[PDB]
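**Student:**
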Amino acid sequence: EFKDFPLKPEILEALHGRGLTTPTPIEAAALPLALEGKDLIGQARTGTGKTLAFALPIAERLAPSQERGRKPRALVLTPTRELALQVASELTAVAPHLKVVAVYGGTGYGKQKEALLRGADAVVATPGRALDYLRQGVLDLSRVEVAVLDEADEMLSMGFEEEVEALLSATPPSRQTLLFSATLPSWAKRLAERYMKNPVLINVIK
Amino acid sequence: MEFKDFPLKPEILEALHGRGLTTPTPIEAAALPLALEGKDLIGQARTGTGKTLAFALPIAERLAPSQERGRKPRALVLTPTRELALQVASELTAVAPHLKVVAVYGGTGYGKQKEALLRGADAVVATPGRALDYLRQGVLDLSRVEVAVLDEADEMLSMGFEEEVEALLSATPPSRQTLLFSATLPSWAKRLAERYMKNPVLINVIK
Ligand SMILES: Nc1ncnc2c1[nH]c(=O)n2[C@@H]1O[C@H](COP(=O)(O)OP(=O)(O)O)[C@@H](O)[C@H]1O
Ligand SMILES: Nc1ncnc2c1[nH]c(=O)n2[C@@H]1O[C@H](COP(=O)(O)OP(=O)(O)O)[C@@H](O)[C@H]1O
Ligand SMILES: Nc1ncnc2c1[nH]c(=O)n2[C@@H]1O[C@H](COP(=O)(O)OP(=O)(O)O)[C@@H](O)[C@H]1O
Ligand SMILES: Nc1ncnc2c1[nH]c(=O)n2[C@@H]1O[C@H](COP(=O)(O)OP(=O)(O)O)[C@@H](O)[C@H]1O
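Sequence order for the protein chains is D and R. All residue numbers for the first sequence refer to this note's numbering, where the first residue is 1 and numbers rise by one. All residue numbers for the second sequence refer to this note's numbering, where the first residue is 1 and numbers rise by one.
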């Protein structure tokens with residue numbers, strides 16, 4: 001159960017307050033290495049649940065800050081707007097001490113910009129809108145300590161390979177990288193080769 | 001992580017420290033948490049590198065001592081070679097002082113190994129050929145195995161023990177925990193994982 005893991009009381013409170021008590025098989029498998037700062041690839045069948053495998057480690061690794069205009073120390077990339085909002089919602093709830101900002105197309109071009117300018121600790125973004133702000137200097141990725149690629153195989157199918165690589169290339173290689181994907185197409189193995197540091201593959205095979 | 005960082009009995013931690021075993025290799029670090037909690041796993045790392053503690057410490061921690069004379073082993077480790085059976089037995093013996101480990105291997109001493117098995121054992125570390133000999137004789141009884149380990153599955157397939165391994169695993173109850181270590185997963189080994197393991201997690205540190 002989550003209380004078993006070594007997580008700050010605020011985080012356990014947040015989880016407890018929300019009913020989340022038992023990690024899914026992929027979460028239980030991935031949490032230990034992720035919490036310890038190591039790079040990993042988490043692979044499991046879609047529809048089981050794995051968001052806590054990267055959100056808890058972001059919650060735990062990052063001390064809070066109130067510095068206006070601060071750059072984000074965590075970046076989560078998702079292939080769709082609806083997943084960016086679901087993930088930003090989860091992360092916001094388990095990291096109550098962090099300012100989480102969702103970046104995604106179709107709306108809020110001005111509002112999301114303003115949010116990022118005021119300050120952010122973690123960004124959950126679709127690659128389109130994110131790359132826009134990257135090019136404008138609005139999204140600054142130079143302080144990223146944890147980068148997460150959520151559903152790498154979908155980002156490939158949606159044709160975001162170029163945006164994803166540009167975004168990762170803008171983060172410091174001192175970062176921890178986590179990659180989650182039901183399948184591992186050649187593109188994702190390459191991302192692994194090029195952007196990760198001796199990653200452990202963790203695969204719930206059946 | 002160091003070994004001290006894991007939830008292990010004090011006697012086991014003392015054993016480790018006294019031998020200057022402090023630092024799990026990458027596969028040990030990645031696999032210990034699942035193994036300790038009793039889950040099935042496949043550990044993949046390049047052949048021969050250190051991984052013995054990834055299954056030795058789970059066996060040491062899981063099994064309580066017993067005095068019963070003639071008792072059947074609660075853990076089985078299979079290895080492709082005699083030299084690997086011997087290495088692993090000594091290692092397991094070292095970190096599981098509360099258990100009686102018996103090494104079972106060909107090329108020598110049919111009677112000595114047999115008599116050791118009849119006196120009783122908690123863990124057997126075996127090569128598949130010799131082990132099947134004893135299984136069929138009724139000397140090696142696998143009906144109480146809680147942890148079964150295949151150490152270097154891809155080499156067992158290479159050495160021609162495909163059938164012997166399947167026969168040994170079949171003689172153990174499905175309620176067991178099963179740990180499979182191999183640098184590569186040929187078709188036979190995947191088939192093994194599919195049909196002999198329960199919801200296994202594959203852990204691959206080859207990178
Ligand atoms: N351990 C857990 N327990 C309960 N809910 C969880 C959970 N982990 C987790 O992510 N969730 C919830 O599951 C939701 C996503 O579920 P999906 O779309 O079926 O995940 P998929 O298997 O990746 O395709 C998240 O927003 C979490 O709130
Ligand atoms: N359910 C869905 N089905 C199809 N396309 C979708 C989708 N959800 C979703 O977000 N998309 C598309 O995936 C992309 C989301 O990334 P972005 O950063 O918002 O891209 P930008 O529009 O260039 O700023 C958009 O094309 C979405 O319409
Ligand atoms: N955590 C650990 N620390 C020290 N020794 C260990 C160990 N785990 C483990 O199995 N051993 C021993 O290390 C031996 C394998 O080490 P090698 O041949 O030098 O290859 P390399 O690991 O690539 O450097 C095993 O036979 C064990 O007895
Ligand atoms: N370094 C090595 N090189 C080649 N063969 C080896 C070997 N080490 C080793 O053990 N073998 C062979 O691997 C087999 C070990 O299994 P068994 O249970 O002893 O099988 P049995 O023949 O029924 O007694 C034997 O053939 C060993 O000679």
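Virtual Cβ for every residue (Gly too), placed ideally from N, Cα, C.
Any residue with its C-beta under 6 Å from a non-hydrogen atom of ligand 1 counts. Can you list them all in chain order?
**Tutor:** The set, ordered by position in the chain, is D/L20, D/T22, D/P23, D/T24, D/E27, D/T46, D/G47, D/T48, D/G49, D/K50, D/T51, D/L52, D/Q86 and D/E90.
**Student:** Considering only heavy atoms of ligand 2 and the C-beta of each residue, which residues fall inside 6 Å, strictly closer?
**Tutor:** Ordered along the chain, the selected set is D/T80, D/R81, D/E82, D/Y104, D/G105, D/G106, D/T126, D/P127, D/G128, D/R129 and D/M158.
**Student:** By Cβ distance, which residues of its chain are closer than 6 Å to D/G37, with the 5 residues on each side in sequence left out?
**Tutor:** These residues qualify, in order along the chain: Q176.
**Student:** Could you spell out where the alpha helix (DSSP H) holding D/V87 opens and where it closes?
**Tutor:** Element bounds for D/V87: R81 to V94.
**Student:** With DSSP as the reference, identify every bridge partner of D/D150, one or two as the case may be.
**Tutor:** D/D150 is bridged to D/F180.
**Student:** Identify each residue in the stretch 34–47 of chain D for which the Cβ-Cβ distance to at least one residue of chain R is less than 7 Å, and report them in chain order.
**Tutor:** The stretch 34–47 of chain D vs chain R, Cβ under 7 Å: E36.
**Student:** Can you grab the Cα-Cα spacing for the pair D/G110 / D/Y133, in whole Å?
**Tutor:** Using only the alpha carbons, I get a separation of about 11 Å.
**Student:** Determine the burial state of D/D4: buried for a count of at least 16 other Cβ atoms within 10 Å of its Cβ, exposed for fewer.
**Tutor:** Classification of D/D4: exposed, given that the 10 Å Cβ count is below 16.
**Student:** Could you tell me which of D/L168, D/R81 and D/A59 sits nearest to D/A192, measuring between CA atoms?
**Tutor:** Looking at the Cα atoms, D/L168 is the closest of the given residues.
**Student:** Would you say the stretch 56–67 of chain R touches the stretch 170–184 of chain D, given that touching needs at least three Cβ pairs under 8 Å?
**Tutor:** Cβ pair count under 8 Å is below three, so no.
**Student:** Would you kindly report the start and end of the unbroken alpha helix (DSSP H) that includes R/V165?
**Tutor:** It spans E162 to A171 - the alpha helix (DSSP H) in which R/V165 sits, taken as one unbroken run.
**Student:** Are the stretch 11–20 of chain R and the stretch 187–205 of chain D touching, with three or more C-beta to C-beta distances below 8 Å?
**Tutor:** Flag = no, the stretch 11–20 of chain R and the stretch 187–205 of chain D do not touch.
**Student:** Identify whether R/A30 lies in helix, strand or coil by the three-state DSSP scheme.
**Tutor:** In the structure shown, R/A30 sits in a helix (DSSP, three-state: H, G or I).
**Student:** So R/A89 packs on R/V125, CB below 8 Å; how close in whole Å?
**Tutor:** At roughly 4 Å, the Cβ-Cβ gap stays under 8 Å, so R/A89 and R/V125 are in contact.
**Student:** What would DSSP say about R/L99, mapped onto helix, strand or coil?
**Tutor:** DSSP places R/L99 in coil when its eight states are reduced to three.
**Student:** Could you check if D/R129 is buried or exposed, using at least 16 other CB atoms within 10 Å of its CB as the buried criterion?
**Tutor:** Buried: at least 16 other Cβ atoms inside 10 Å.
**Student:** For D/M155, I'd like the list of residues in its chain whose CB is within less than 6 Å of its CB, leaving aside the five on either flank, ordered along the chain.
**Tutor:** Cβ neighbours of D/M155 beyond the five flanking positions: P79 and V164.
**Student:** Quick check on the DSSP output: the alpha helix (DSSP H) that includes residue 210 of chain R runs from which residue to which?
**Tutor:** Since the first and last residues shown for chain R are 1 and 207, residue 210 of chain R lies out of range.
**Student:** Find the nearest neighbour of R/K72 within the set R/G106, R/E115, R/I203 and R/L32, judged by alpha-carbon distance.
**Tutor:** For the residues R/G106, R/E115, R/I203 and R/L32, the minimum Cα distance to R/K72 belongs to R/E115.
**Student:** Distance cutoff 7 Å, beta carbons only. Does D/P23 sit that close to anything in chain R?
**Tutor:** Closer than 7 Å: no.
**Student:** Report yes if the C-beta distance between R/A29 and R/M1 is below 7 Å; otherwise report no.
**Tutor:** Their beta carbons are under 7 Å apart, which means R/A29 touches R/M1 by this criterion.
**Student:** Can you tell me the Cα-Cα spacing of R/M159 and D/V94, whole angstroms?
**Tutor:** For R/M159 and D/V94, the distance between alpha carbons rounds to 51 Å.
**Student:** By the three-class DSSP mapping on this structure, what secondary structure does D/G42 have?
**Tutor:** Strand, per DSSP.
**Student:** Output the distance between the C-alpha atoms of D/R73 and R/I27, rounded to the nearest integer angstrom.
**Tutor:** Cα to Cα, the separation comes out at about 29 Å.
**Student:** Suppose only complete runs of 3+ residues qualify. What are the beta strand (DSSP E) ranges in the stretch 97–139 of chain R, listed by chain order?
**Tutor:** Listed in chain order, the complete beta strand (DSSP E) runs (minimum 3 residues) inside the stretch 97–139 of chain R are 101–104 and 123–126.
**Student:** For the alpha helix (DSSP H) holding R/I203, just list the boundary residues, first then last.
**Tutor:** Careful: R/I203 lies outside any alpha helix (DSSP H), inside the beta strand (DSSP E) at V201 to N204.
**Student:** Whose C-alpha, out of D/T22, D/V76 and D/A55, is nearest the C-alpha of residue 226 of chain D?
**Tutor:** Since the first residue shown for chain D is 1 and the last is 206, residue 226 of chain D is missing from the structure and cannot be characterised.
**Student:** What is the rounded straight-line gap between the Cα of D/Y104 and the Cα of D/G137?
**Tutor:** D/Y104 and D/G137: Cα-Cα distance of roughly 16 Å.
**Student:** So what does D/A74 bridge to, in DSSP terms?
**Tutor:** Looking at the DSSP assignment, D/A74 forms a beta bridge with D/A122 and D/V146.
**Student:** Report the three-state DSSP secondary structure of D/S65 (helix, strand or coil).
**Tutor:** In the structure shown, D/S65 sits in coil (DSSP, three-state: anything other than H, G, I, E or B).
**Student:** For D/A29, go through chain R and note every residue whose CB falls closer than 7 Å to its CB, in chain order.
**Tutor:** Near D/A29 (Cβ distances below 7 Å), the residues of chain R are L34 and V201.
**Student:** Where does R/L192 sit, in a helix, a strand or coil, going by DSSP?
**Tutor:** Three-state DSSP puts R/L192 in a helix.
**Student:** Hey, does R/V149 have any beta-carbon neighbour from chain D nearer than 7 Å?
**Tutor:** Chain D contact via Cβ: absent.
**Student:** Determine the contact status of D/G106 and D/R68, defining contact as a CB-CB distance below 7 Å.
**Tutor:** Taking 7 Å as the Cβ cut-off, D/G106 and D/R68 do not qualify as a contacting pair.
**Student:** Name the chain D residues whose beta carbon is nearer than 9 Å to that of R/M1?
**Tutor:** The contacting residues are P32 and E36.
**Student:** Mind pulling the chain D residues with CB within less than 9 Å of R/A193?
**Tutor:** Going along chain D in sequence order, the residues near R/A193 (Cβ under 9 Å) are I205 and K206.
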